[PDB]
Amino acid sequence: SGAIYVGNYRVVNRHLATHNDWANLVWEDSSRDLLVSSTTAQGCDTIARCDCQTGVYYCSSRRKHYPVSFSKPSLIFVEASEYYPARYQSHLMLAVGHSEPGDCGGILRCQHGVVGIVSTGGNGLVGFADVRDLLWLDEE
Ligand SMILES: COC[C@]1(C(=O)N2CCC[C@H](C(N)=O)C2)CCCCO1
Ligand SMILES: [Zn+2]
């Protein structure tokens with residue numbers, strides 16, 4: 001589990017969104033595994049606006065932050081799970097690292113701020129849903 005709290009927005013994995021998130025919905029995209037809801041309190045996270053390919057992510061199943069090198073956001077085939085059929089997930093970045101069920105939502109960050117959140121795992125790989133192109137998260 002986990003979310004990004006920027007401005008008056010809460011960014012979560014779409015597959016982990018709560019009823020309150022759907023009742024206060026700002027934007028959602030199944031192909032990216034992302035959903036954004038509105039919040040009453042202002043958040044403290046800042047979004048990175050860059051092309052970094054190195055950063056650090058939080059792995060809840062290890063209670064540890066790991067430095068990683070990651071691919072550029074791309075269209076990647078993800079195997080069937082209990083949340084989605086086998087499909088192409090867009091704006092996904094892969095790295096070598098531990099990610100098991102429960103780790104979705106952990107933040108990936110670089111020197112500029114938050115880059116994205118854990119969205120996929122298994123096989124010694126971790127995949128992150130990028131948020132750096134969502135410029136509107138910085139306003140309103
Ligand atoms: C932390 O990821 C959890 C999981 C995963 O990759 N899933 C399951 C959750 C949805 C993910 C997706 N974005 O399509 C795919 C569990 C299934 C296999 C090991 O990793
Ligand atoms: Zn950066």
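The table that follows gives values for the structure above.
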read-out	value
Pick from the stretch 1-28, criterion surrounded by 14 or more Cβ atoms within 10 Å (Cβ to Cβ), farther than 21 Å from residue 82 by Cβ and polar (S, T, N, Q), ranking: farthest from the chain's Cα centre (by Cα)	24
Single match in 92, 75, 34 (criterion: more than 9 Å from ligand 1 (Cβ to nearest atom), out of contact with any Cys (no Cβ under 9 Å at 6 or more places or on another chain) and not assigned by CATH to the domain that holds residue 17)	75
Test: residue in the stretch 45-55 that is of a type in the set (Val, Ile, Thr) and surrounded by fewer than 18 Cβ atoms within 10 Å (Cβ to Cβ)	yes
Sole residue being more than 16 Å from ligand 2 (Cβ to nearest atom), within 13 Å of the chain's Cα centre (by Cα) and of a type in the set (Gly, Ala, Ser), chosen from 38, 31, 60	31
Residues within the stretch 104-122 that are over 22 Å from residue 75 (Cβ atoms) and within 6 Å of ligand 1 (Cβ to nearest atom), tallied	0
Residue count for the stretch 89-140, restricted to those that are part of a loop (DSSP other than H, G, I, E, B) and not small (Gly, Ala, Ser)	14
Failed condition for residue 71, given (1) in a loop (DSSP other than H, G, I, E, B); (2) farther than 30 Å from residue 140 by Cα; (3) more than 16 Å from ligand 2 (Cβ to nearest atom)	(3)
Of residues in the stretch 41-57 being assigned to a strand (DSSP E or B) and without any contact (Cβ under 8 Å) to a residue 60 or more places away in the chain, the one nearest to the chain's Cα centre (by Cα)	56
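The values are calculated or read from the model by the stated rules, or taken from the named source; no laboratory instrument gave them. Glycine also receives a Cβ, built like all others from the backbone with ideal geometry; neighbour counts cover every protein chain displayed.
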